[PDB]
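Below you'll find the sequence and an experimental structure to go with it.
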Number of protein chains: 4
Amino acid sequence: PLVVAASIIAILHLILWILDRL
Amino acid sequence: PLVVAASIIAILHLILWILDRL
Amino acid sequence: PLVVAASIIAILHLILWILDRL
Amino acid sequence: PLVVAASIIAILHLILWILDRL
Ligand SMILES: OC[C@@H](O)[C@H](O)[C@@H](O)CO
Ligand SMILES: *C(=O)c1ccc(Br)cc1
Ligand SMILES: *C(=O)c1ccc(Br)cc1
Ligand SMILES: *C(=O)c1ccc(Br)cc1
Ligand SMILES: *C(=O)c1ccc(Br)cc1
């Protein structure tokens, strides 16, 4: 569950960071 | 342990980054 | 596949962030 | 190696980001 959660969070983080930079 | 550590770190990184942006 | 996707994304995210900072 | 590398990179990314902010 930890690795699954982190994987999802890593994807979320990239998306959010892109939106922040835009 | 590397993968467990990186997973924890990914989650922490997102939390810190959100807090930084706010 | 989720872990593979997240692994690719983690590498991409670092590259993008370094280029943004530079 | 993909997962090992991504794990290393996730740790490096947080270290760099914390240092960048500080
Ligand atoms: O998994 C892809 C999802 O549809 C969203 O995260 C979009 O990419 C957001 O634009
Ligand atoms: C949750 O992501 C998880 C925990 C242990 C093992 Br093994 C696989 C996945
Ligand atoms: C530490 O996260 C770790 C190392 C080797 C294997 Br296999 C699983 C997890
Ligand atoms: C996809 O990355 C993936 C899914 C299940 C298991 Br077990 C390993 C990898
Ligand atoms: C590299 O990280 C790697 C590739 C295949 C398997 Br199985 C474990 C680790």
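Looks like it came in fine. Numbering: from 1, shown residues only, chains lettered A, B, ... in the order given. Ligands and ions are numbered 1, 2, ... in the order given.

which stretch of helix or strand covers the residue of chain A found nearest ligand 3?
The minimum distance from chain A to ligand 3, using Cβ to the nearest ligand atom, falls at residue A:3 (8.6 Å). In short, each C-beta sits where N, CA and C put it, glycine included. For residue A:3, the enclosing helix or strand under DSSP states H and E is helix A:2-21.

Other residues contacting that helix?
With Cβ atoms under 8 Å, 6 or more residues apart in numbering or on different chains as the contact definition, helix A:2-21 has outside contacts at B:3-4, B:6-8, B:10-11, B:13-14, B:17-18, B:21, C:2-3, C:5-6, C:9-10, C:12-13, C:16-17, C:20, D:10.

and those, which are buried?
Among those, the ones that count as buried by 16 or more other Cβ atoms under 10 Å in any protein chain shown are B:3, B:6-7, B:10-11, B:13-14, B:17, C:3, C:6, C:9-10, C:13, C:17, D:10.

CA atoms only: put the helix holding residue A:3 into CSV for me.
C-alpha atoms of helix A:2-21 as CSV (Å, rounded to 0.1, in the frame of the first residue of the first chain):
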residue,chain,number,x,y,z
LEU,A,2,2.9,2.4,0.8
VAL,A,3,4.4,2.0,-2.7
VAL,A,4,1.0,2.2,-4.4
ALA,A,5,0.2,5.4,-2.5
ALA,A,6,3.6,6.9,-3.2
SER,A,7,3.3,6.1,-6.9
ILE,A,8,-0.1,7.8,-7.1
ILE,A,9,1.3,10.8,-5.1
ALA,A,10,4.3,11.1,-7.4
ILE,A,11,2.0,11.3,-10.5
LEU,A,12,-0.2,13.9,-8.7
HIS,A,13,2.9,15.9,-7.7
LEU,A,14,4.1,16.2,-11.3
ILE,A,15,0.6,17.3,-12.5
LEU,A,16,0.2,19.9,-9.7
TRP,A,17,3.7,21.2,-10.2
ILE,A,18,3.1,21.7,-14.0
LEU,A,19,-0.1,23.5,-13.2
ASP,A,20,1.7,25.7,-10.6
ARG,A,21,4.4,26.6,-13.2
